[PDB]
Amino acid sequence: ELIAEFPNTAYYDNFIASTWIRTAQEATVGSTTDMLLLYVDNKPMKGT
């Protein structure tokens with residue numbers, strides 16, 4: 001599991017993590033996934 005954390009980031013405006021991924025399991029476009037997750041305030045944000 002790729003993990004990358006960064007403490008002293010100045011939160012100016014709303015952050016986005018984004019990635020291009022090919023999976024063997026079928027994934028329907030438009031569904032919330034447990035795959036790519038961003039944690040701000042150590043709070044879960046879901047990636048769709």
# chains A, B, ... in the order shown; residues from 1 in each chain; ligands from 1
>>> residues_around(residues="region 2-15 of chain A", least_positions_apart="6", cutoff="12 Å", atoms="only C-alpha atoms", output="list in words")
residues 35, 36, 37, 38, 39, 40, 41, 42 and 45 of chain A
>>> write_last_selection(atoms="N, CA, C and O atoms", output="PDB file, in the first residue's frame")
ATOM      1  N   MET A  35     -10.134   2.413  -2.361  1.00  0.00           N
ATOM      2  CA  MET A  35      -8.795   2.209  -2.911  1.00  0.00           C
ATOM      3  C   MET A  35      -7.869   3.379  -2.587  1.00  0.00           C
ATOM      4  O   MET A  35      -6.923   3.242  -1.805  1.00  0.00           O
ATOM      5  N   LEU A  36      -8.135   4.539  -3.178  1.00  0.00           N
ATOM      6  CA  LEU A  36      -7.315   5.730  -2.998  1.00  0.00           C
ATOM      7  C   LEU A  36      -7.984   6.627  -1.969  1.00  0.00           C
ATOM      8  O   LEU A  36      -9.102   7.105  -2.192  1.00  0.00           O
ATOM      9  N   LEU A  37      -7.314   6.842  -0.839  1.00  0.00           N
ATOM     10  CA  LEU A  37      -7.911   7.597   0.253  1.00  0.00           C
ATOM     11  C   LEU A  37      -6.971   8.704   0.698  1.00  0.00           C
ATOM     12  O   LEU A  37      -5.776   8.469   0.908  1.00  0.00           O
ATOM     13  N   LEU A  38      -7.522   9.906   0.840  1.00  0.00           N
ATOM     14  CA  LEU A  38      -6.826  11.051   1.405  1.00  0.00           C
ATOM     15  C   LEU A  38      -7.302  11.303   2.830  1.00  0.00           C
ATOM     16  O   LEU A  38      -8.510  11.341   3.094  1.00  0.00           O
ATOM     17  N   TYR A  39      -6.354  11.433   3.754  1.00  0.00           N
ATOM     18  CA  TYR A  39      -6.648  11.730   5.149  1.00  0.00           C
ATOM     19  C   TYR A  39      -6.098  13.110   5.479  1.00  0.00           C
ATOM     20  O   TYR A  39      -4.875  13.306   5.525  1.00  0.00           O
ATOM     21  N   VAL A  40      -7.010  14.062   5.663  1.00  0.00           N
ATOM     22  CA  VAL A  40      -6.724  15.378   6.218  1.00  0.00           C
ATOM     23  C   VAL A  40      -7.374  15.416   7.595  1.00  0.00           C
ATOM     24  O   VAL A  40      -8.437  14.818   7.800  1.00  0.00           O
ATOM     25  N   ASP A  41      -6.703  16.069   8.554  1.00  0.00           N
ATOM     26  CA  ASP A  41      -7.046  16.019   9.981  1.00  0.00           C
ATOM     27  C   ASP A  41      -7.078  14.587  10.529  1.00  0.00           C
ATOM     28  O   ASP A  41      -7.726  14.331  11.549  1.00  0.00           O
ATOM     29  N   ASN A  42      -6.375  13.663   9.856  1.00  0.00           N
ATOM     30  CA  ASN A  42      -6.484  12.211  10.057  1.00  0.00           C
ATOM     31  C   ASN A  42      -7.936  11.738   9.990  1.00  0.00           C
ATOM     32  O   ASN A  42      -8.377  10.887  10.765  1.00  0.00           O
ATOM     33  N   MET A  45     -11.304  10.583   3.719  1.00  0.00           N
ATOM     34  CA  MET A  45     -11.973  11.150   2.558  1.00  0.00           C
ATOM     35  C   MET A  45     -12.022  10.076   1.484  1.00  0.00           C
ATOM     36  O   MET A  45     -10.999   9.457   1.174  1.00  0.00           O
TER      37      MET A  45
END
>>> atom_distance(atom1="CA of residue 16 (chain A)", atom2="CA of residue 44 (chain A)")
13.3 Å
>>> select_by_dssp(residues="region 3-46 of chain A", states="strand (DSSP E)", output="VMD selection string")
chain A and resid 33 to 40 43 to 46
>>> write_last_selection(atoms="N, CA, C and O atoms", output="PDB file, in the first residue's frame")
ATOM      1  N   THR A  33     -14.936   4.323  -3.852  1.00  0.00           N
ATOM      2  CA  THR A  33     -14.016   3.212  -3.674  1.00  0.00           C
ATOM      3  C   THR A  33     -13.203   3.363  -2.397  1.00  0.00           C
ATOM      4  O   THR A  33     -12.977   4.473  -1.904  1.00  0.00           O
ATOM      5  N   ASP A  34     -12.767   2.221  -1.875  1.00  0.00           N
ATOM      6  CA  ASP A  34     -11.909   2.132  -0.704  1.00  0.00           C
ATOM      7  C   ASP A  34     -10.433   2.135  -1.092  1.00  0.00           C
ATOM      8  O   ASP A  34      -9.571   1.882  -0.244  1.00  0.00           O
ATOM      9  N   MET A  35     -10.134   2.413  -2.361  1.00  0.00           N
ATOM     10  CA  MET A  35      -8.795   2.209  -2.911  1.00  0.00           C
ATOM     11  C   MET A  35      -7.869   3.379  -2.587  1.00  0.00           C
ATOM     12  O   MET A  35      -6.923   3.242  -1.805  1.00  0.00           O
ATOM     13  N   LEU A  36      -8.135   4.539  -3.178  1.00  0.00           N
ATOM     14  CA  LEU A  36      -7.315   5.730  -2.998  1.00  0.00           C
ATOM     15  C   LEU A  36      -7.984   6.627  -1.969  1.00  0.00           C
ATOM     16  O   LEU A  36      -9.102   7.105  -2.192  1.00  0.00           O
ATOM     17  N   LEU A  37      -7.314   6.842  -0.839  1.00  0.00           N
ATOM     18  CA  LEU A  37      -7.911   7.597   0.253  1.00  0.00           C
ATOM     19  C   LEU A  37      -6.971   8.704   0.698  1.00  0.00           C
ATOM     20  O   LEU A  37      -5.776   8.469   0.908  1.00  0.00           O
ATOM     21  N   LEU A  38      -7.522   9.906   0.840  1.00  0.00           N
ATOM     22  CA  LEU A  38      -6.826  11.051   1.405  1.00  0.00           C
ATOM     23  C   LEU A  38      -7.302  11.303   2.830  1.00  0.00           C
ATOM     24  O   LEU A  38      -8.510  11.341   3.094  1.00  0.00           O
ATOM     25  N   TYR A  39      -6.354  11.433   3.754  1.00  0.00           N
ATOM     26  CA  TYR A  39      -6.648  11.730   5.149  1.00  0.00           C
ATOM     27  C   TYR A  39      -6.098  13.110   5.479  1.00  0.00           C
ATOM     28  O   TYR A  39      -4.875  13.306   5.525  1.00  0.00           O
ATOM     29  N   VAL A  40      -7.010  14.062   5.663  1.00  0.00           N
ATOM     30  CA  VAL A  40      -6.724  15.378   6.218  1.00  0.00           C
ATOM     31  C   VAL A  40      -7.374  15.416   7.595  1.00  0.00           C
ATOM     32  O   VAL A  40      -8.437  14.818   7.800  1.00  0.00           O
ATOM     33  N   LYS A  43      -8.680  12.291   9.036  1.00  0.00           N
ATOM     34  CA  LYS A  43     -10.077  12.039   8.736  1.00  0.00           C
ATOM     35  C   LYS A  43     -10.224  11.394   7.363  1.00  0.00           C
ATOM     36  O   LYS A  43      -9.602  11.845   6.399  1.00  0.00           O
ATOM     37  N   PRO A  44     -11.059  10.363   7.242  1.00  0.00           N
ATOM     38  CA  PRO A  44     -11.190   9.651   5.961  1.00  0.00           C
ATOM     39  C   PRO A  44     -11.898  10.495   4.911  1.00  0.00           C
ATOM     40  O   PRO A  44     -12.968  11.051   5.168  1.00  0.00           O
ATOM     41  N   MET A  45     -11.304  10.583   3.719  1.00  0.00           N
ATOM     42  CA  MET A  45     -11.973  11.150   2.558  1.00  0.00           C
ATOM     43  C   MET A  45     -12.022  10.076   1.484  1.00  0.00           C
ATOM     44  O   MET A  45     -10.999   9.457   1.174  1.00  0.00           O
ATOM     45  N   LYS A  46     -13.205   9.859   0.922  1.00  0.00           N
ATOM     46  CA  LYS A  46     -13.414   8.784  -0.035  1.00  0.00           C
ATOM     47  C   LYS A  46     -13.072   9.226  -1.450  1.00  0.00           C
ATOM     48  O   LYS A  46     -13.290  10.377  -1.836  1.00  0.00           O
TER      49      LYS A  46
END
